[PDB]
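Here's the structure, in structure tokens; my notes come after.
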Amino acid sequence: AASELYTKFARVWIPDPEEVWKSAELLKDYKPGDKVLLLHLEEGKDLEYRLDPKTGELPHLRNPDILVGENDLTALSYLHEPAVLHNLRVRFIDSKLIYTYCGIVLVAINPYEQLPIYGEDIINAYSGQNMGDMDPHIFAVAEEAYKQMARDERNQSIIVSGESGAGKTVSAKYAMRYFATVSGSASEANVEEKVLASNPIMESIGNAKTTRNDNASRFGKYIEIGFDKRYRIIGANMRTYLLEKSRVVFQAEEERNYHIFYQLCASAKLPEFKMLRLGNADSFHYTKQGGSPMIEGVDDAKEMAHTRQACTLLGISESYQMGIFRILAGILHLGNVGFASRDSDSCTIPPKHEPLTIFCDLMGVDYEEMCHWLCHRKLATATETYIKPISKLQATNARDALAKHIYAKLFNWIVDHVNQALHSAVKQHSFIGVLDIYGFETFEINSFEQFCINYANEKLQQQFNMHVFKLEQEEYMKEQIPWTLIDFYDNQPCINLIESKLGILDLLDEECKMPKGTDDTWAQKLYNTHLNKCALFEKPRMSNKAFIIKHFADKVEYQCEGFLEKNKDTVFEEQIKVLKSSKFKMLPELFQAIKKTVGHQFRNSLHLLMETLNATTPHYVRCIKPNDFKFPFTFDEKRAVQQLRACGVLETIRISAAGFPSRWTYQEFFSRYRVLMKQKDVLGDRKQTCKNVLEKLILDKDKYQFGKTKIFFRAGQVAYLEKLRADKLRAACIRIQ
Ligand SMILES: Nc1ncnc2c1ncn2[C@@H]1O[C@H](COP(=O)(O)OP(=O)(O)O)[C@@H](O)[C@H]1O
Ligand SMILES: [Mg+2]
């Protein structure tokens, strides 16, 4: 039947290597059996488009001009890939609209420009309205979640997704503002202020500049915002995920360490900071490696003022704040300690070194002991102790490991205190969860950190697909309702390759058991186990030190060096002991106790989170990066199309197009709509009673369908039944009155 639409003047989409899809118009009517189409391109040139001799499949028809730039993609006549790309291009380039709906899921595009599209009057304008009675915006999602939590008394979750830089961090912040405003009616409104204040604090400690993002979010965050019976904020709790430790000691060619170090170095001249004995960021190796200590459009000194102000608002006094700056200053002074070689396998550090002097002074430690333990290691046996001198390379490695460890304890200490400030005495009626996770990334060189983040992103896709596609269509099959299968790309195989008993993480952990274990040996074990036995896993022709894996977004090559070390993540017992013995109270609090590998800990942490998400009603936001140049309102078609297919956008709209998301059991429907039924319509069979009543209430049979155990409805029909229920109760009250 679709071939009847291929008439003279009809428009179609044809594949193009650079533009992905090109629009063309038919110069003649198509007849079944024709091998070439005479097309007029929009550039003024005529083309003979040859059809496939085996399949005879025609190019995609283009939707009418009235359907260009629609608020909801389900309004399109032809629901195919070229149509999606065109509709989003027009709304972005022409209309400057960043938002579009794909049913319940929201699509967000990064503008690379500040626009005033979120005044409190806008917040008020989105408040109190229906879905679609406002145009697409993040506030609509927030309001829908607010509306659902209040009516359903069910916890909700806001899940944002996308590759690095797509606007995801930005989206979560604005959603929180909406809830804080509505809740703002409270007496102890300071709690909402504290909740919003949490974000900039974590950004200072948690973010750093990458080539992808000037403010990359190098840890994960999940926030539960609790509500009372009044549907007003009671408090909150943050659960966070693995921070990039390698960032403290290393930075690439145009990257920085965490923002807070630069804020502290910018404030070195102030009298309060004088005790720290700091200089500019160029003086310390841990800050200098990147080659550029400043971010354009950012004033580190100004940010330092804001960060301090944020700390005081949470109730963190100046003594606490000066205490954290001391730790950070100490990490910088440790980074420039001079270490000299003795013979081939020994090292020595002088008790005279200027940087180690202030390090020992700030930490409240003995210089002579630190010189000894940076140069030697202890081996303890039941009967005796043995000492091994360390090489120059080992001394610097030992020093750096301690720096990562200190920074890690410090980050955790801060989040614990914000959670203490965010705590609530009252009982939780319900909650809204917000997820903010580092997005898919790739570089010239990729390591263990990229492996972990990509693996986490794979899990998010699995949760999304399980809920949206898998769980949902399986129900229709069991329900015995006419259903056409909707295809999706299932990533379960790569997930098994990573997580299963035979998986990559398990093999790395087994290599960690062996003292003889090596990255080379592990890579060889991966090749032996999977080189030609697996389709998701492959090795490049030129290398034996790296491997490539097929993720949902793209294939990624990972270098094997450092994987066992990074999986172990440990520090010498003597160094931790000298810090446990420190004179400064904060250091002993971290070093006091306030076997599984980082990879094992990471898997379970993600499992607990997946389980947590499954308990709530999800609300998904898909963020897209339009261009790599960071330019205002520029659209890259090749780059966009790959993100759309990776996100499964088209199939999400096709499943949405099938409709019937709402589903009442015959018992629930009967119990809720008994008032719309006359006593004569109530048969011994509840199922037949519901059929007879629904057939009387709704005349169009295309708006509802009957399954084995549930009744299915099209959009707006339950609201119509609620209007009828409300009208019947009102009429009954008037009759009684
Ligand atoms: N509302 C916005 N207005 C302007 N630029 C934005 C907006 N949202 C995101 N961006 C741009 O996208 C970049 C990355 O988005 P952000 O949410 O900050 O981090 P990410 O998207 O990586 O989570 C920002 O640095 C900024 O350049
Ligand atoms: Mg981010």
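The sequence shown maps to residues 2 to 593, 598 to 599, 632 to 774 in full-length UniProt numbering. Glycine is no exception: its CB is placed at the ideal position from the N, C-alpha and C atoms.
Which same chain residues end up closer than 8 Å to residue i when comparing Cβ atoms and leaving out the 5 residues on each side of it in sequence?
| i | result |
| --- | --- |
| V579 | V366, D367, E370, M371 and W374 |
| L52 | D35, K36, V37, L38, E58 and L59 |
| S293 | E255 and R257 |
| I202 | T308, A311, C312, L315, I415 and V419 |
| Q149 | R155, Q157 and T654 |
| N72 | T101, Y102, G133, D136 and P137 |
Between residue i and residue j, is the Cβ-Cβ spacing less than 8 Å?
| i | j | result |
| --- | --- | --- |
| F449 | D520 | no |
| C495 | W523 | no |
| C727 | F707 | yes |
| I317 | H656 | no |
| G331 | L363 | yes |
| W14 | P65 | no |
| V85 | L588 | no |
| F441 | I206 | no |
| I482 | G753 | no |
| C660 | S172 | yes |
| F672 | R90 | yes |
| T689 | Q157 | no |
| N492 | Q462 | yes |
| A198 | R248 | no |
| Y559 | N447 | yes |
| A126 | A176 | no |
| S184 | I234 | yes |
| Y439 | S186 | no |
| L403 | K389 | no |
| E43 | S24 | yes |
| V730 | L713 | yes |
| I391 | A399 | yes |
Assign residue i to buried or exposed, taking buried as 16 or more other Cβ atoms, counted over all protein chains shown, within 10 Å of its Cβ.
| i | result |
| --- | --- |
| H260 | buried |
| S96 | exposed |
| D401 | buried |
| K195 | buried |
| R711 | exposed |
| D437 | buried |
| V427 | exposed |
| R767 | exposed |
| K662 | buried |
| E648 | exposed |
| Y387 | exposed |
In the DSSP assignment, what residue or residues form a beta bridge with residue i?
| i | result |
| --- | --- |
| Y102 | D73 and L107 |
| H377 | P390 |
| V161 | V658 |
| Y50 | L38 |
| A547 | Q560 |
| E304 | None; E304 has no bridge partner. |
| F743 | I748 |
| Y223 | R240 and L436 |
| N208 | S218 |
| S342 | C348 |
| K23 | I15 |
| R700 | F749 |
| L62 | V13 |
| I234 | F228 |
Tell me which residues share the same chain as residue i and place their Cβ nearer than 6 Å to its Cβ, disregarding the 5 neighbours each side in the sequence.
| i | result |
| --- | --- |
| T182 | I124 |
| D30 | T8 and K9 |
| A151 | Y232 |
| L329 | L265 |
Output needed for residue i: all residues of its chain with C-beta closer than 7 Å, excluding positions within five of it in sequence on either side, in chain order.
| i | result |
| --- | --- |
| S342 | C348 and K393 |
| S268 | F274, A302 and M305 |
| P33 | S4 |
| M132 | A141 and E145 |
| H424 | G236 |
| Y113 | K667, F668 and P669 |
| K174 | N200 |
| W701 | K747 and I748 |
| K581 | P589, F592 and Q593 |
| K675 | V21 |
| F538 | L498, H531, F548 and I550 |
Check each residue's C-beta against every heavy atom of ligand 2 and list, in chain order, those closer than 7 Å.
Residue list for ligand 2: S165, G166, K169, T170, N214, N216, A217, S218, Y439 and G440 (CB closer than 7 Å to any heavy atom, chain order).
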